[PDB]
Structures are given as C-alpha cells and as structure tokens.
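This report refers to the structure that appears directly beneath it.
Every read-out reported here was derived from the displayed coordinates using simple, explicitly stated rules and does not represent laboratory data. Note: ideal-geometry Cβ built from the backbone for every residue, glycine included; neighbour counts use all protein chains shown.
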C-alpha cells in the first residue's frame, strides 16, 4: 500500500514538463508520498491513451494529466475516475471529462500580460503584430487577450497583423518576415507559441530589423538563449511549478476524502486554478533553464 | 503522513462583511476543516452590518493583532485595498475569497467564476427543457457578477442551443418583490416561456411565486445561492435547481494558501520564480432535491 501519484504527459521528454514534475516532486516531498512520471514520448494521441491505460492498471493514488488535445483522451480519463482514481488536469485541459480540476494558464490573461509588457517596451505607442496558431483554443485566447488589451487600453498602439505561424518555427519566421515587409515600421511582435518566438527572432535577424521588440511564450532553451542575448525582449513562462505542486495537493486531498463530509455541500475540488504567468527577461532568465 | 502541519500558535483570521449571514457559515467550516488538517487555529471576524469602514476597522483590529494570515471577503472592489495593502507590507499573508478587490496587494482570489455559473445554468436549463423552448433571465444589471451570470447563460443558449431562445432579460431589482413582478411580466408577455433563470437569490423566490400564482405547470425554474427560502422551494419542488457557490472550498483552500504563504512553501529556487495561484474557481454546484439537504445550515 505505497501511496504513489503519477504525472502523465505527451512528448514526455520536453523540458517544459520538467518543472511540472519538479513541482509535483516538491509537493510529494512535503506530503511524504511517492510520485512517478510517465507519458507519450511523442505527440501521438494513441501513445498517450496507451500510456494512461497502463498507469490506471497500476492503481495509483491519483493521476495528474496534461491532455494532448481536449477530446481524444477523455474516455480514458473517465475510465480512471470510474475506477475511483482521483484525476486532475494540468497544462492542457480536457474540459468534457470527469476530471475534478484543471490547473493551468489563463490564456486570455496571459495575452493581456503580453500586451501590458509590449506597451511597457514601446512606451504605449506603435504598431504591433501577433503570430499565432489559430488551430487551438488556448492560443486564440492568448491572441484575444493581447489584441483586446491593445484595443481597450493603448489607443496610441495599433494591431496591424495577426499571422498564422502554424505552430512551426519556419512558418512563423515566414509570417514574421511578411509582417516586417508589409509594415516596415512595426515595433513589436507577440508570438503565442514557442516555435513562434524563435521563428520571428530568426526573421528579425535575417532582415536586420533590430528595432522590433519580440515577446514570446514558454521557456524552451533556445528561447531563453534568445532572451539572454537580447534578441527576445521577454517570454511568458507558464506556472508549471504551480501546476505540478497544486495538482499533487489536490490529488492528495481527494485520496483522503477531506472534501466529502456531511458539512461541505458536495462542492469537491475547485474547478480551476490559475497557475499564473511570469514575464521572463534578461533579469530572471537564468532562473528558467532546466 | 504529510509534513504539512503547524501548531495552534498560528493564528489565521477570516474576515467577512455581514458576519451572521448563513452564507459565510460554510466558508468558516472550510476554514476550520483546513485548520484541523494543518493543526492550526482559526478565528472568524468581520463587519456586523453592511458597512464600509466597519469592515475597515475590524480589519485593522486583526492586522494590529499580528495574525499568521488573513482570508478576506471584500465588501466591494475599489475599497479595503489600502487597508489590505498595508497588511501585506507588514508581512501578513492575505488572500481574498467570495468577493474580490482585484487591485489590492492580496496574493490570490478564491471565488465563483460567474460566467461559467451562467453557462452551467444554460446546460442545466437545456437539460430540463430538452434543448427546446423560450427562456428568460431575471437579474440585476447593477452588479458585474450578475452580468457575467446573465452573459454566460444567454451566450450559451445562443451558441449551443438553436432550438431555445432568450425572450427576456428582466431587471429584478434584487428583491423578491420586484422579481415576482418581473416574472409575472415574462409569464404574461410570453405565455409559452418554459424556463426562467434568476441570477440573484431573491430572484428565485419572486419567480417561484409568480409561477404558483398563475398555476403555470411546465415552467422550469433555476435560481442562485442557498438561502433557506430558496432551498426549501427546491425541496418543495417550486424551483427545479439552484446554483450553489463553493463557499466551503473558499474557506478550506484560502487557509491552505495562507499556510503556504506564511511558511514560504512556494520555493524561490528551481520554481520558475512562481507566486501563489492568483485565482481559484471555487466552483458551482447544481442543487436539486437529490442534494438540497447538504446545503442547509
């Protein structure tokens, strides 16, 4: 009867997940419980449903999962809940599932923060653009938070383009080059996806458009290197330690039915925890390498 | 066994703004159930009446008494910030629950997502109405949380149910008197309305009353909060469901957060320099008679 909590991911070796696992382990070391890290080694939906099945089979005390996409993991999550396994989602949600909580970025507010940061860098004036993936809801919320904040709070700034970077570094570089050639006086570009910041940094280096302020997303090594050398002014770090930490805190809590007595009015776990965003600049970039 | 324990000498305070209200009692029980899991002590304070500076003064009483942290429900947005902001400077952890002062130096807000509350009301309404029929909303256009509940409901009916239509959003002026009359207007102006959603606790009584008054049969009513009057109506059948805010969650996780803040458990090393989660959606529960019992005092 060893109390073990499992974290399940996709593209499991990415550095992003390491601080999630770190916050999980930090919670476990304070709770004196075991944790284990598993996941699809690749962006393969089938692989993640198979890895998640094996985890449930091992009958863990609870699972914290980041779902590759909102739907294609849901039936397996419910499988775990119906077998009595506490389940919370972190990072990437599956809102249609029986998971008791989601702990992750408020993507709209993240976009708001990028606008506020972009305005800081531009003294609240100038043309700005966005490179995004219109594929997914979470990136559209980042885009919307940025654009709406420009519209409502910085009337001397203008959003001149929202480009489709296709979640790919090369398509993002090409989109950024189109932005810079179409609006040569653009002063800032925000990328809602990691491959976007590298792509537009590569565009800005190729065109020698050294006066453009770049804001990117996430803390991949190649992004942080660009922050370190001044090519990217800031990147937005998701609260991955908070995700792992409060995921375990919530899971540990359900496994001990401390939230299901007679005087609590059902309720159960909080439905959502905003794990926050950190603006990463040259001043704190060193804190974010893996 | 976990190492997340303290001792009774740690004094955390809950602070409200209409102390005796039945609403805050499950806030307290969450607070107390967390205190017991953390082996810490908790004290309930807050304004006797609906009073701005009275709340300001009870706060000063507890900040001057050096507590290990304060959980606060703020009377309004642009208020208490300067008073709470000083509590942070003195080094006291302070989170907010139920009602938010978003411009303050408080580290987190734990409260209802009012838009998704309205979305849930729409799914619940669609449920009872098999995704077909005319529906109305009785709300306060005065407060933002009611606007978000309204907006969540109406937009979900638009986007997700084309066989349904919002035929009226009434002003129920926040009392059962005026809500009964807005409900009567809706039932008169639209005799085939099949559901009404009230975003304010007094809305539910007022429309339960209008429906009874007209001997209207198939009208599905969804109200808000868990006042005794409302819960009774849910148990008696006049109200199909009421939406309960997660007040126990507010207290329990408020204290978890103050405990983590007081003991500086959100590491600054290898943590990506994180802070406390700034928002916790303490959730909404659909109260039908299958669980109305769990929500009385």
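Against the main long axis of the alpha-carbon atoms of chain A, helix A:194-206 sits at an angle near 20°. Here A:266, A:26 are placed in order of increasing Cβ neighbour count within 10 Å, fewest first, which gives A:266, A:26. Counting, for every residue in B:245-254, the Cβ atoms of other protein chains within 10 Å of its Cβ and taking the mean gives 5. Separation of region A:104-145 and region B:159-211 by C-alpha centroid, Å? So the separation of the two Cα centres works out to 39 Å. With neighbours defined as other Cβ atoms within 10 Å of a residue's Cβ, the residues B:24, A:246, A:241 order from fewest to most as B:24, A:241, A:246. Compared with the dominant principal axis of the Cα atoms in chain A, helix A:169-182 is inclined by about 30°. Label positions at residue B:19 and residue A:135, each projected 7 Å from the Cα along the C-beta direction, are separated by 5.7 nm.
Averaging Cα coordinates gives a centre for region B:236-297 and one for region A:1-77; these two points are 24 Å apart.
Adding -39500 (n - 2.57) for every DSSP H run of four residues or longer, then dividing by how many residues chain B holds, sets the calculated 222 nm ellipticity at -13000 deg cm²/dmol. Legend: translational diffusion of the protein assembly as shown by Stokes-Einstein, Rh = Kirkwood radius over C-alpha pairs, 37 °C, 0.692 mPa s; D = 130 µm²/s. Mean-square fluctuations from a GNM of chain B, with a 10 angstrom spring cutoff on Cα atoms, peak among B:232, B:273, B:22 at B:273.
In chain A, what percentage of the DSSP-assigned beta bridges are antiparallel, given to the nearest 5? Counting DSSP beta bridges with both partners in chain A, the antiparallel share is about 10 percent.
Rounded to the nearest 10 degrees, the inclination of helix B:247-262 to the longest alpha-carbon principal axis of chain B is 20 degrees. Rounded to the nearest 5, the antiparallel percentage of DSSP beta bridges internal to region B:196-297 is 45%. Sort region A:107-237 into rounded, prolate or oblate with this rule: let a ≥ b ≥ c be the square roots of the eigenvalues of the Cα gyration tensor; rounded if a/c is under 1.5, and if a/c is not under 1.5, prolate when a/b is larger than b/c, oblate otherwise. Here region A:107-237 falls in the rounded category. Here chain B is treated as an ellipsoid with the same Cα gyration tensor; its semi-axes, largest first and in whole Å, are 39, 19, 17. Estimated from the Cβ-Cβ distance and a Förster radius of 35 angstrom, the FRET efficiency linking residue B:155 and residue A:178 is about 0.55.
For a test of the definition: using alpha carbon positions, the gyration tensor, and the 1.5 limit on a/c, classify region B:40-107 as rounded, prolate or oblate. Rounded is the answer for region B:40-107, as its axis ratio a/c remains below 1.5. Its Cα gyration tensor gives region B:9-158 an equivalent ellipsoid. The semi-axes, each the square root of 5 times an eigenvalue, are 35, 17, 13 Å from largest down.
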